[PDB]
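Peer 1: experimental structure below, sequence on top.
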Amino acid sequence: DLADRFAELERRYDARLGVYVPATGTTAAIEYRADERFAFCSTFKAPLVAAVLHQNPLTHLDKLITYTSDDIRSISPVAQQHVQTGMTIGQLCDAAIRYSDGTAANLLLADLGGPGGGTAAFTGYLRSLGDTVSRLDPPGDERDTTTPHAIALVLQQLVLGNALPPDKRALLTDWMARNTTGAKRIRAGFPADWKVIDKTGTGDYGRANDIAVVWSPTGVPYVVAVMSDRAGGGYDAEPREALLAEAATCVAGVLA
Ligand SMILES: *C(=O)[C@@H](NC(=O)c1c(OCC)ccc2ccccc12)[C@@H]1N[C@@H](C(=O)O)C(C)(C)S1
């Protein structure tokens with residue numbers, strides 16, 4: 001049984017784990033806590049970049065955005081070394097996905113505009129793709145959570161579907177392919193000849209997420225959503241990337 005392995009991982013890492021791989025032609029859904037809520041964390045940044053991409057002509061990626069000292073409130077490795085010059089929407093997009101740049105995310109939200117610095121327009125974007133589950137706005141807390149199941153179906157639609165026109169779908173896909181942050185999660189649990197694109201998230205209460213699209217060596221695709229937290233260790237509990245790698249390995253197994 002596959003759920004025994006997963007429960008084993010949860011015991012080992014003293015974690016709660018969430019896994020969802022949506023069904024295909026010959027494969028059934030892989031699901032484990034696939035319907036419980038977990039924080040979004042940085043993972044929202046991927047569909048956030050789709051939101052922006054969808055919303056505008058491609059040449060909008062060339063609009064220059066200025067931001068100051070007070071705009072830099074979270075880990076922002078790219079927004080630090082630009083604050084002077086400014087940054088383009090495309091550069092912010094690049095930074096949001098590939099480096100999980102928090103300031104880049106907050107500026108891209110602000111670009112979407114509307115109430116709540118853009119989080120309503122954002123949620124609106126998710127409703128439009130049939131996601132009634134997620135919500136952007138404390139383990140368990142309703143706010144800024146999604147389910148392994150809801151996010152995986154969102155990513156499926158963005159990377160393998162008609163949510164974005166080929167050209168814009170491509171741009172999203174490329175940024176995730178060249179992610180710098182996911183080396184030790186889903187990537188690590190799949191053989192080197194499977195091609196894996198992903199966006200990660202990480203937070204307090206030992207939260208660690210990875211959402212990905214994978215392609216078998218013969219080009220068959222799957223969406224893989226892995227979400228976890230470790231409330232057992234309190235606010236300052238450490239994220240366990242291993243747990244994510246391991247789960248992926250167990251998922252790599254079934255799909256190989
Ligand atoms: C999005 O998850 C980012 N995470 C954090 O900035 C973050 C955090 O955010 C609340 C404002 C709270 C606690 C921690 C603890 C340790 C690292 C980061 C945070 C960025 N994304 C992460 C990712 O895995 O994609 C990251 C690159 C480690 S920071």
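Peer 2: Nice, I can see it. Numbers count the residues shown, from 1 in each chain.

Peer 1: which ones are touching the residue of the chain found nearest the ligand?
Peer 2: Residue nearest to the ligand within the chain: residue 42 (2.7 Å; C-beta to the nearest ligand atom). Just so you know, the C-beta spots here come from the backbone N, C-alpha and C atoms, and that holds for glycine as well. With contacts defined as C-beta atoms under 8 Å, 6 or more residues apart in numbering, the neighbours of residue 42 are 100, 102, 105, 199-202, 209.

Peer 1: now it, what are its backbone angles?
Peer 2: Backbone dihedrals for residue 42, given as degrees, to the nearest 10, come out at phi -80, psi -10.

Peer 1: from the centroid of this structure, which residue is nearest?
Peer 2: residue 43 (2.7 Å; C-alpha atoms, centre = their mean).

Peer 1: and the residue lying closest to it once chain neighbours are set aside, how far is that from residue 165?
Peer 2: Leaving aside its sequence neighbours, residue 43 sits nearest to residue 201 (C-beta to C-beta, 6 or more residues apart in numbering; 4.0 Å). Going from residue 201 to residue 165 by C-beta to C-beta, to the nearest Å gives 27 Å.

Peer 1: more neighbours, these two?
Peer 2: More crowded of residue 201 and residue 165, by other C-beta atoms under 10 Å: residue 201, with 23 against 11.

Peer 1: coming back round to it: residues contacting the residue nearest to the centre of the chain?
Peer 2: 146, 151, 199-201, 209-211.

Peer 1: switch to 6 Å and redo it
Peer 2: Shown in contact with residue 43 (C-beta atoms under 6 Å, 6 or more residues apart in numbering): 199, 201, 209, 211.

Peer 1: go on, residue 138?
Peer 2: So residue 138 contacts nothing (C-beta under 6 Å, 6+ apart).

Peer 1: how near is it to residue 158?
Peer 2: 28 Å.

Peer 1: same question for residue 82.
Peer 2: Between residue 82 and residue 158 the computed distance is 26 Å (C-beta to C-beta).

Peer 1: the two: who's more crowded?
Peer 2: The neighbour comparison of residue 82 against residue 158 (other C-beta under 10 Å) goes to residue 158, with 26 against 19.

Peer 1: so the closest residue to the more buried one other than its chain neighbours is in which element?
Peer 2: Using C-beta to C-beta, 6+ apart and skipping residues adjacent in sequence, the residue nearest residue 158 is residue 50, 4.9 Å away. Per DSSP states H and E: residue 50 is located in helix 45-55.
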